[PDB]
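A.B. asks: In my numbering, the protein residues as written are 1212 to 1542. Heads up, the beta-carbon is just placed ideally off N, CA and C, and yes, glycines get one too. I have a structure here, written as structure tokens, and I will follow up with some questions on it.
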Ligand SMILES: O=C(O)CNC(=O)C(=O)O
Ligand SMILES: [Mg+2]
Ligand code: NI
Ligand SMILES: [Zn+2]
């Protein structure tokens, strides 16, 4: 079995290997990359996502989210308070202000220490989940707006034609902005490209050990657990590495820098934080290996998780027994 310790693997494809996305994902899996839940892909030196980032300031962040924490430093939840719209140029200035800027630090490890010590005492503002793309239309390799769609994969694998679309999302981050512990909708893959700015630190639990994380989360968030049998679908809970180590949960960590891709694999729980002003783009995708994960994915039916239009069909076709109850949660 390849990668039996479920370490995060880092790949350096050549320009020739960068042509065929599906084939390279399947290659990475042949080497065991999925066992970690997360992989890094460093693009060939010849590749670029677009020519420059000089003209992005007029993008609108219609609903910036202030991430307010409750709990203790290593075990907290966050809620998202909606703020007034602002442009990317306005947000960048805000991120760089004395109130919100990255503190002085020695290295990524010192910054990680400061994040876990101090996150809860601040409420950073995240421009998340903005439909759109920063890939140049002429970028033919690993262009996250030109991937094969999940609806077409389901149709190729299972023969059923379904409604829905699959488009990318932009994330504009600042110091301390935080992504809570989650897997993807329907336990899909994700791919994330860090277009610019400061790094993003990731934590990940191997898919084969995801239920260990779920059991800890039910212990640590006991009211949330009684409210919903899949409350990590709410994307609000954080647990620190120190706490994970104290409770014996297997995980790994890695820092993504500008110009790098990360792939999350089906049922790979992940969480993380931004180091400073940055912009990422991410999208879900599927492969044939996902289908079985999609069929077994948990679902939130309490009403909190509220998701896209396109998840309807996935539930309806892969999980027809759950469909009725899940749809009640969506309505
Ligand atoms: O970058 C972020 O805030 C969150 N991204 C992801 O969870 C992802 O790409 O799967
Ligand atoms: Mg612009
Ligand atoms: Ni994710
Ligand atoms: Zn729920």
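1. Going by beta carbon distance, what residues of the same chain come within less than 8 Å of residue 1471, once the five residues before and after it are set aside?
2. For residue 1520, count the other beta carbons within 10 Å of its own beta carbon; 16 or more makes it buried, fewer makes it exposed. Which is it?
3. In the DSSP assignment, the beta strand (DSSP E) including residue 1290 goes from what residue to what residue?
4. Can you tell me where the alpha helix (DSSP H) holding residue 1397 begins and where it ends?
5. I'd like to check one pair, residue 1343 with residue 1270: are the Cβ atoms closer than 9 Å?
6. Check for me: the beta strand (DSSP E) holding residue 1480 runs from which residue to which?
7. Write down every uninterrupted run of the alpha helix (DSSP H) in the region 1495 to 1533 whose length is 4 residues or greater and which is fully enclosed by it, in chain order.
8. Mind checking residue 1439: buried by the 16 CB within 10 Å criterion, or exposed?
9. Looking at the unbroken alpha helix (DSSP H) that takes in residue 1306, where does it start and where does it end?
10. Evaluate contact between the region 1447 to 1465 and the region 1302 to 1317, counting only Cβ atoms and requiring at least three cross-stretch pairs below 8 Å.
11. Just jot down, in chain order, the residues whose CB lies closer than 6 Å to any heavy atom of ligand 3.
12. Between residue 1331 and residue 1387, what straight-line distance do the alpha-carbon atoms span, to the nearest angstrom?
13. Should residue 1396 be labelled buried (16 or more other beta-carbon atoms within 10 Å of its own) or exposed?
14. Return the chain-ordered list of same chain residues with a C-beta closer than 7 Å to the C-beta of residue 1514, the five sequence neighbours on each side being excluded.
15. Just to confirm the assignment: which complete beta strand (DSSP E) runs, minimum length 3, are found wholly within the region 1353 to 1386?
16. State the Cα-Cα distance for the pair residue 1393 and residue 1446, rounded to the nearest angstrom.
17. Which same chain residues end up closer than 8 Å to residue 1247 when comparing Cβ atoms and leaving out the 5 residues on each side of it in sequence?
18. Going by DSSP, what residue range makes up the alpha helix (DSSP H) through residue 1236?
19. Note the first and the last residue of the continuous beta strand (DSSP E) segment covering residue 1332.
C.D. replies: Reading it off the structure:
1. Annotation for residue 1471: 1251, 1252, 1253, 1254, 1404, 1405 place their beta carbon closer than 8 Å to its own, counting only its chain and skipping 5 residues before and after.
2. With fewer than 16 Cβ atoms within 10 Å of its Cβ, residue 1520 is classed as exposed.
3. It spans 1286 to 1293 - the beta strand (DSSP E) in which residue 1290 sits, taken as one unbroken run.
4. Taken as a continuous stretch (DSSP letters only), residue 1397 belongs to no alpha helix (DSSP H), as it is neither H nor E.
5. Their beta carbons are under 9 Å apart, which means residue 1270 touches residue 1343 by this criterion.
6. Note, residue 1480: beta strand (DSSP E), 1480 to 1485.
7. Along the length of the region 1495 to 1533, whole alpha helix (DSSP H) runs at least 4 residues long occupy 1501 to 1507, 1522 to 1529, reported in chain order.
8. Buried is the label assigned to residue 1439, since at least 16 other Cβ atoms lie within 10 Å of its Cβ.
9. That run of the alpha helix (DSSP H) goes 1299 to 1306.
10. No, they do not touch.
11. Those residues, listed in chain order, are 1393, 1395, 1401, 1475, 1481.
12. Note on geometry: alpha-carbon atoms of residue 1331 and residue 1387 lie some 9 Å from one another.
13. Under this definition residue 1396 is a buried residue.
14. 1540.
15. Runs found: 1380 to 1384.
16. Rounded to the nearest angstrom, the gap between the Cα atoms of residue 1393 and residue 1446 is 6 Å.
17. Cβ within range, chain order: 1214, 1217, 1218, 1219, 1220, 1415, 1417, 1463, 1476, 1479.
18. Segment 1232 to 1241, the alpha helix (DSSP H) holding residue 1236.
19. Per DSSP, residue 1332 lies in no beta strand (DSSP E) segment and is marked neither H nor E.
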